[PDB]
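Pasting model_6.txt here (compact mmCIF, C-alpha atoms (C1' of nucleotides)):
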```txt
# COMPACT_ATOMS: atom_id res chain seq x y z
CA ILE A 1 -28.36 22.48 23.09
CA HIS A 2 -28.86 24.03 19.65
CA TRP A 3 -28.15 22.40 16.29
CA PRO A 4 -27.05 25.06 13.76
CA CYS A 5 -27.64 24.62 10.04
CA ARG A 6 -28.79 26.46 6.90
CA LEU A 7 -32.30 26.00 5.55
CA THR A 8 -31.97 25.92 1.76
CA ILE A 9 -34.79 26.79 -0.64
CA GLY A 10 -32.65 26.78 -3.81
CA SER A 11 -28.97 27.00 -4.70
CA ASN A 12 -28.43 30.70 -3.89
CA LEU A 13 -30.88 31.20 -0.99
CA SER A 14 -29.96 30.09 2.53
CA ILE A 15 -31.30 31.01 5.97
CA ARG A 16 -29.25 30.34 9.10
CA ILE A 17 -31.35 28.30 11.53
CA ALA A 18 -31.07 26.58 14.91
CA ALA A 19 -32.96 23.38 15.70
CA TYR A 20 -33.86 22.09 19.17
CA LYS A 21 -35.46 18.81 20.27
CA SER A 22 -38.89 20.01 21.34
CA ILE A 23 -40.14 16.52 22.26
CA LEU A 24 -37.98 13.50 23.07
CA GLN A 25 -38.74 10.43 25.16
CA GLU A 26 -36.99 10.65 28.53
CA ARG A 27 -35.15 7.56 29.79
CA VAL A 28 -33.23 6.64 32.94
CA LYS A 29 -29.71 8.06 32.84
CA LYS A 30 -28.43 5.63 35.49
CA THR A 31 -27.91 1.97 34.59
CA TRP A 32 -27.72 -1.17 36.73
CA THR A 33 -24.36 -2.83 37.44
CA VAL A 34 -24.12 -6.59 37.95
CA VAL A 35 -22.48 -7.46 41.27
CA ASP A 36 -21.72 -10.68 43.12
CA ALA A 37 -24.18 -11.79 45.79
CA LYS A 38 -21.61 -12.67 48.45
CA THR A 39 -19.62 -9.46 47.91
CA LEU A 40 -21.16 -6.32 46.40
CA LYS A 41 -18.34 -5.52 43.98
CA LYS A 42 -18.43 -5.38 40.19
CA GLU A 43 -14.72 -6.23 39.82
CA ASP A 44 -15.29 -9.85 40.92
CA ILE A 45 -17.56 -10.57 37.92
CA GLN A 46 -16.22 -10.69 34.35
CA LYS A 47 -18.35 -10.95 31.20
CA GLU A 48 -16.76 -12.25 28.00
CA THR A 49 -18.05 -13.26 24.57
CA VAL A 50 -16.59 -16.18 22.62
CA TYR A 51 -17.03 -17.50 19.08
CA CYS A 52 -17.03 -21.16 18.05
CA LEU A 53 -17.54 -23.15 14.87
CA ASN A 54 -20.31 -25.63 14.00
CA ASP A 55 -18.29 -28.64 15.14
CA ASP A 56 -18.52 -31.02 18.08
CA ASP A 57 -15.07 -29.85 19.22
CA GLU A 58 -16.31 -26.28 19.87
CA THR A 59 -13.19 -24.92 18.19
CA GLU A 60 -12.40 -21.38 19.31
CA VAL A 61 -11.80 -18.60 16.77
CA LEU A 62 -10.28 -15.22 17.57
CA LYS A 63 -12.13 -11.97 16.91
CA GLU A 64 -9.56 -10.96 14.28
CA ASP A 65 -10.49 -14.13 12.34
CA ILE A 66 -14.14 -13.08 11.93
CA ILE A 67 -15.66 -11.58 8.77
CA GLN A 68 -18.99 -9.81 8.38
CA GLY A 69 -21.56 -11.40 6.07
CA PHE A 70 -25.16 -11.14 4.95
CA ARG A 71 -27.87 -13.59 3.89
CA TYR A 72 -29.02 -13.65 0.26
CA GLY A 73 -31.83 -16.20 0.32
CA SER A 74 -30.18 -19.46 1.45
CA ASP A 75 -26.79 -18.19 0.16
CA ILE A 76 -24.19 -16.53 2.39
CA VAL A 77 -22.40 -13.59 0.73
CA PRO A 78 -19.29 -12.47 2.66
CA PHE A 79 -19.13 -8.70 3.06
CA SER A 80 -16.22 -7.30 5.05
CA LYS A 81 -16.59 -4.16 7.14
CA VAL A 82 -13.97 -2.29 5.10
CA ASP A 83 -15.74 -3.15 1.84
CA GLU A 84 -19.10 -2.06 3.27
CA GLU A 85 -17.62 1.24 4.46
CA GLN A 86 -16.03 1.83 1.05
CA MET A 87 -19.23 1.01 -0.85
CA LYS A 88 -21.80 2.42 1.60
CA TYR A 89 -24.01 5.31 0.55
CA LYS A 90 -22.16 8.61 0.95
CA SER A 91 -23.70 12.07 1.23
CA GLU A 92 -22.78 15.58 2.34
CA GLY A 93 -23.70 15.70 6.01
CA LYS A 94 -25.28 18.53 7.99
CA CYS A 95 -27.88 19.50 5.40
CA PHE A 96 -31.35 21.04 5.77
CA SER A 97 -32.69 21.38 2.22
CA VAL A 98 -36.27 22.01 1.08
CA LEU A 99 -37.22 19.34 -1.45
CA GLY A 100 -40.52 21.07 -2.12
CA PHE A 101 -43.80 22.46 -0.84
CA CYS A 102 -47.08 20.54 -0.59
CA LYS A 103 -50.57 21.14 0.74
CA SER A 104 -50.86 20.43 4.45
CA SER A 105 -53.84 18.16 3.76
CA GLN A 106 -51.53 15.81 1.83
CA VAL A 107 -49.47 15.09 4.98
CA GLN A 108 -51.25 13.00 7.61
CA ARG A 109 -50.25 12.65 11.26
CA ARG A 110 -50.65 8.86 11.13
CA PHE A 111 -47.65 8.72 8.76
CA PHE A 112 -45.30 10.57 11.14
CA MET A 113 -42.11 8.63 11.84
CA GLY A 114 -39.04 8.97 14.04
CA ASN A 115 -38.76 9.40 17.79
CA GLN A 116 -38.28 13.18 18.02
CA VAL A 117 -39.83 16.49 16.99
CA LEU A 118 -37.62 19.41 15.97
CA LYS A 119 -38.32 23.10 16.57
CA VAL A 120 -36.42 25.33 14.13
CA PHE A 121 -35.89 29.02 14.92
CA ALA A 122 -33.66 31.62 13.32
CA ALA A 123 -29.97 31.87 14.18
CA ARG A 124 -28.76 33.00 17.60
CA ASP A 125 -28.56 36.78 17.04
CA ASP A 126 -29.36 38.17 13.59
CA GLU A 127 -32.33 40.16 12.28
CA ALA A 128 -31.96 39.06 8.65
CA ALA A 129 -32.37 35.33 9.31
CA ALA A 130 -35.26 36.02 11.68
CA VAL A 131 -37.03 38.12 9.03
CA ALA A 132 -36.48 35.47 6.35
CA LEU A 133 -37.76 32.66 8.58
CA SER A 134 -40.78 34.73 9.62
CA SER A 135 -41.58 35.44 5.97
CA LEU A 136 -41.35 31.75 5.09
CA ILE A 137 -43.47 30.70 8.08
CA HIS A 138 -46.15 33.30 7.36
CA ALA A 139 -46.26 32.38 3.67
CA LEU A 140 -46.69 28.71 4.55
CA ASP A 141 -49.39 29.48 7.13
CA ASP A 142 -51.38 31.78 4.84
CA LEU A 143 -51.14 29.44 1.85
CA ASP A 144 -51.83 26.29 3.93
CA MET A 145 -48.62 24.55 2.90
CA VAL A 146 -45.80 22.53 4.45
CA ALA A 147 -42.22 21.98 3.32
CA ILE A 148 -41.01 18.50 2.42
CA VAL A 149 -37.32 18.68 3.36
CA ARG A 150 -34.22 16.50 3.57
CA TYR A 151 -32.62 16.20 7.01
CA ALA A 152 -29.17 14.89 7.94
CA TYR A 153 -27.59 15.40 11.36
CA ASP A 154 -24.05 14.81 10.05
CA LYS A 155 -22.10 12.70 7.56
CA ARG A 156 -22.72 9.47 9.48
CA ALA A 157 -26.42 10.19 10.04
CA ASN A 158 -28.66 8.51 7.49
CA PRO A 159 -30.51 11.16 5.46
CA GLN A 160 -34.26 11.27 5.99
CA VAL A 161 -37.30 12.94 4.42
CA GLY A 162 -39.46 15.00 6.75
CA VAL A 163 -42.21 17.60 6.88
CA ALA A 164 -41.76 21.08 8.35
CA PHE A 165 -44.90 23.08 9.11
CA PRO A 166 -45.36 26.55 10.60
CA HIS A 167 -46.06 27.02 14.31
CA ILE A 168 -47.08 30.59 15.19
CA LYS A 169 -47.76 31.67 18.78
CA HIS A 170 -48.56 35.02 20.35
CA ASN A 171 -44.99 35.19 21.72
CA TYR A 172 -42.88 33.17 19.26
CA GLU A 173 -42.96 31.51 15.85
CA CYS A 174 -40.97 28.59 14.46
CA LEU A 175 -41.02 25.57 12.15
CA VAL A 176 -42.00 22.17 13.56
CA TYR A 177 -40.22 19.31 11.78
CA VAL A 178 -41.28 15.66 11.97
CA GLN A 179 -39.81 12.75 10.01
CA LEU A 180 -41.79 11.14 7.20
CA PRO A 181 -41.82 7.51 6.02
CA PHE A 182 -40.21 5.88 3.01
CA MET A 183 -41.94 3.60 0.52
CA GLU A 184 -40.59 0.44 2.17
CA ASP A 185 -41.47 1.74 5.65
CA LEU A 186 -45.21 1.52 4.85
CA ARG A 187 -47.07 -1.73 5.54
CA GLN A 188 -49.92 -2.57 3.15
CA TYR A 189 -52.52 -4.55 5.11
CA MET A 190 -56.14 -5.38 4.28
CA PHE A 191 -58.86 -5.11 6.93
CA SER A 192 -62.49 -6.15 6.58
CA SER A 193 -64.98 -3.29 6.44
CA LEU A 194 -67.24 -2.75 9.45
CA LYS A 195 -69.83 -0.31 8.06
CA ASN A 196 -71.18 -2.84 5.51
CA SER A 197 -71.26 -5.97 7.70
CA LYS A 198 -74.71 -7.40 8.40
CA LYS A 199 -73.46 -9.44 11.39
CA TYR A 200 -71.58 -6.68 13.27
CA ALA A 201 -74.01 -3.83 12.56
CA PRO A 202 -75.10 -2.18 15.83
CA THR A 203 -78.75 -1.44 16.51
CA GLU A 204 -80.36 1.91 17.29
CA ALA A 205 -80.49 1.16 21.02
CA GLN A 206 -76.81 0.19 21.00
CA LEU A 207 -75.89 3.43 19.23
CA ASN A 208 -77.93 5.44 21.74
CA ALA A 209 -76.21 3.68 24.64
CA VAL A 210 -72.77 4.37 23.15
CA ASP A 211 -73.71 8.02 22.61
CA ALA A 212 -74.84 8.29 26.24
CA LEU A 213 -71.57 6.72 27.40
CA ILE A 214 -69.53 9.16 25.31
CA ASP A 215 -71.53 12.13 26.61
CA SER A 216 -71.18 11.00 30.23
CA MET A 217 -67.40 10.55 29.92
CA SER A 218 -66.26 13.84 28.37
CA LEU A 219 -62.83 14.99 29.57
CA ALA A 220 -63.36 18.50 28.14
CA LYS A 221 -65.82 21.10 29.43
CA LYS A 222 -67.30 24.16 27.72
CA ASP A 223 -66.51 27.38 29.56
CA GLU A 224 -69.13 29.96 30.55
CA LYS A 225 -70.12 31.94 27.45
CA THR A 226 -66.58 32.21 26.08
CA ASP A 227 -66.22 29.24 23.66
CA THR A 228 -62.99 27.91 25.17
CA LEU A 229 -62.66 24.20 25.93
CA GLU A 230 -61.10 23.32 29.29
CA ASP A 231 -59.31 20.00 29.73
CA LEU A 232 -60.33 18.06 32.83
CA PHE A 233 -57.59 15.40 32.51
CA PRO A 234 -54.53 17.03 30.89
CA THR A 235 -52.33 13.94 30.71
CA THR A 236 -49.68 15.96 28.85
CA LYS A 237 -48.82 17.78 32.11
CA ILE A 238 -48.54 14.60 34.23
CA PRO A 239 -44.97 13.48 35.04
CA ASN A 240 -43.90 9.96 34.14
CA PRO A 241 -44.72 7.80 37.20
CA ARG A 242 -41.83 5.40 36.54
CA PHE A 243 -39.18 7.90 37.64
CA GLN A 244 -41.01 8.70 40.89
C1' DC B 1 0.71 40.50 26.88
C1' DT B 2 -1.57 38.42 23.18
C1' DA B 3 -3.64 35.29 20.31
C1' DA B 4 -3.53 30.79 18.79
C1' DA B 5 -2.52 25.84 18.91
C1' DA B 6 -3.33 21.95 21.46
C1' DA B 7 -5.90 19.37 24.71
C1' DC B 8 -10.12 18.30 27.20
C1' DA B 9 -15.26 17.92 28.05
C1' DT B 10 -20.33 17.12 26.13
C1' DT B 11 -24.06 15.75 23.47
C1' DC B 12 -25.92 13.29 19.69
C1' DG B 13 -26.47 9.43 16.16
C1' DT B 14 -25.32 4.92 14.65
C1' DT B 15 -23.97 0.19 15.50
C1' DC B 16 -24.10 -4.07 18.04
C1' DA B 17 -24.87 -7.40 21.56
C1' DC B 18 -28.07 -9.41 24.67
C1' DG B 19 -32.52 -10.33 26.82
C1' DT B 20 -37.49 -11.02 26.32
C1' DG B 21 -42.72 -11.33 24.94
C1' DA B 22 -45.80 -12.64 21.08
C1' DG B 23 -47.33 -14.87 16.65
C1' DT B 24 -46.61 -18.54 13.08
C1' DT B 25 -45.40 -23.16 11.58
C1' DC B 26 -42.62 -27.00 11.18
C1' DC B 27 -41.49 -31.43 12.96
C1' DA B 28 -40.29 -35.22 16.51
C1' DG B 29 -42.89 -37.57 19.38
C1' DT B 30 -46.94 -40.01 20.58
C1' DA B 31 -51.12 -42.64 19.78
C1' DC B 32 -53.72 -45.88 17.24
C1' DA B 33 -55.10 -49.42 13.36
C1' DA B 34 -53.90 -53.37 10.73
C1' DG B 35 -51.06 -57.48 9.51
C1' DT B 36 -48.02 -61.47 11.00
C1' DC B 37 -47.14 -65.65 13.64
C1' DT B 38 -44.02 -72.85 9.76
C1' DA B 39 -44.90 -76.32 6.56
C1' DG B 40 -46.81 -80.27 4.76
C1' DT B 41 -49.77 -84.59 4.17
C1' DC B 42 -54.11 -87.07 4.38
```
Take the structure from the file and write it as structure tokens.
Amino acid sequence: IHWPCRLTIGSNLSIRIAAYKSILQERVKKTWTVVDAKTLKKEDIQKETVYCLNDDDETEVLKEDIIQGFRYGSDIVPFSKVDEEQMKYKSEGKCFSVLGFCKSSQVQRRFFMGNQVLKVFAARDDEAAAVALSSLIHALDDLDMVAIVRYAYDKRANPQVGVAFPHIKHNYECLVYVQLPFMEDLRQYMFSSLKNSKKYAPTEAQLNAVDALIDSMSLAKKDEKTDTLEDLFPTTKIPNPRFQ
DNA sequence: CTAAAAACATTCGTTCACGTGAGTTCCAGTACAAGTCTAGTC
């Protein structure tokens, strides 16, 4: 299916766009139902959840008598669902706005977040939006730039910051969007250097052996006088064995 | 006949509940060492 929205570069410029999920992990659509061993029916087994206090009597409390709460460092602060909904962050949903433009070298693949990749094309049938999107894509490609944008599926969806970069092919062109991390989503860890360690420094013979191993295990071959690498093990085209 | 208002069907995102493997650390449990064993006279 297509997700329609309006790419915004300012306050008076908007381009109708449609986004599809180019890449998304595929799961099993069918689940497993618990059934009784003696008789293979799910209606003979009932699953229920109960709530009890911290007393030896195991006093039972109804669901309606339960309040949501959060921990505040050894102190419990009650926070009802209605209060949270009233005070939760609110934003205008269904937005695709361009926060800015930055050099592609400033965005690194290792920082990509999320579990999906979006492909954004022009609207269904209109030459104006197609021309505008093509102009934007070509400008970004020529200038070596990407668009830092704000993405929100709808009102409920939590807004996110992502990077959209051009993707031009001989038959089609589009914008590839991938989510970007927040400041608190980054983990700052320290790792000991390996290039300046006198105990883990490999010798010349070891380096030669590793080079020979790498040469002998190349999954890409050079074609005959055409300068076009050929993949010998294209794992991207292999179906997931779990389904089979 | 006609369009439009209502109802119905689908996909997605978010939330929550449960189950489970892995890493860290805190503590109950165990083991072991050392002291005690009555008070007095002659």
Distance of atom CA of residue 167 of chain A from atom CA of residue 138 of chain A, expressed in Å to one decimal place: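 Interatomic distance here is 9.4 Å.
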Using Å and a single decimal, report how far atom CA of residue 188 of chain A sits from atom CA of residue 162 of chain A.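 These two atoms are separated by 20.8 Å.
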Straight-line distance linking atom CA of residue 90 of chain A with atom CA of residue 151 of chain A, stated in Å to one decimal: 14.3 Å
Shell of 10 Å around residue 131 of chain A, all atoms listed in the file, local chain residues under 5 positions omitted, as a list in words: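 Close residues of residue 131 of chain A: residues 15, 122, 126, 136 and 137 of chain A.
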Exercise answer, chain B residues close to chain A, 10 Å and only C-alpha atoms (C1' of nucleotides), as a ChimeraX atom specification: /B:11-14,17
Excluding residue 120 of chain A and any residue of its chain fewer than 2 positions from it, enumerate the residues within 10 Å of it, using only C-alpha atoms (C1' of nucleotides), and give them as JSON, numbers by chain. {"A": [2, 3, 4, 5, 7, 17, 18, 19, 20, 21, 22, 117, 118, 122, 123, 133, 164, 166, 167, 173, 174, 175, 176, 177]}
With C-alpha atoms kept, could you save the residues just selected as a PDB file, in the coordinates of the input?
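Below is the file that was written, selection_34.pdb:
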```
ATOM      1  CA  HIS A   2     -28.860  24.030  19.650  1.00  0.00           C
ATOM      2  CA  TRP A   3     -28.150  22.400  16.290  1.00  0.00           C
ATOM      3  CA  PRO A   4     -27.050  25.060  13.760  1.00  0.00           C
ATOM      4  CA  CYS A   5     -27.640  24.620  10.040  1.00  0.00           C
ATOM      5  CA  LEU A   7     -32.300  26.000   5.550  1.00  0.00           C
ATOM      6  CA  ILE A  17     -31.350  28.300  11.530  1.00  0.00           C
ATOM      7  CA  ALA A  18     -31.070  26.580  14.910  1.00  0.00           C
ATOM      8  CA  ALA A  19     -32.960  23.380  15.700  1.00  0.00           C
ATOM      9  CA  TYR A  20     -33.860  22.090  19.170  1.00  0.00           C
ATOM     10  CA  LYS A  21     -35.460  18.810  20.270  1.00  0.00           C
ATOM     11  CA  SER A  22     -38.890  20.010  21.340  1.00  0.00           C
ATOM     12  CA  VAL A 117     -39.830  16.490  16.990  1.00  0.00           C
ATOM     13  CA  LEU A 118     -37.620  19.410  15.970  1.00  0.00           C
ATOM     14  CA  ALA A 122     -33.660  31.620  13.320  1.00  0.00           C
ATOM     15  CA  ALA A 123     -29.970  31.870  14.180  1.00  0.00           C
ATOM     16  CA  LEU A 133     -37.760  32.660   8.580  1.00  0.00           C
ATOM     17  CA  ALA A 164     -41.760  21.080   8.350  1.00  0.00           C
ATOM     18  CA  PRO A 166     -45.360  26.550  10.600  1.00  0.00           C
ATOM     19  CA  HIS A 167     -46.060  27.020  14.310  1.00  0.00           C
ATOM     20  CA  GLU A 173     -42.960  31.510  15.850  1.00  0.00           C
ATOM     21  CA  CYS A 174     -40.970  28.590  14.460  1.00  0.00           C
ATOM     22  CA  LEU A 175     -41.020  25.570  12.150  1.00  0.00           C
ATOM     23  CA  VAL A 176     -42.000  22.170  13.560  1.00  0.00           C
ATOM     24  CA  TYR A 177     -40.220  19.310  11.780  1.00  0.00           C
TER      25      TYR A 177
END
```
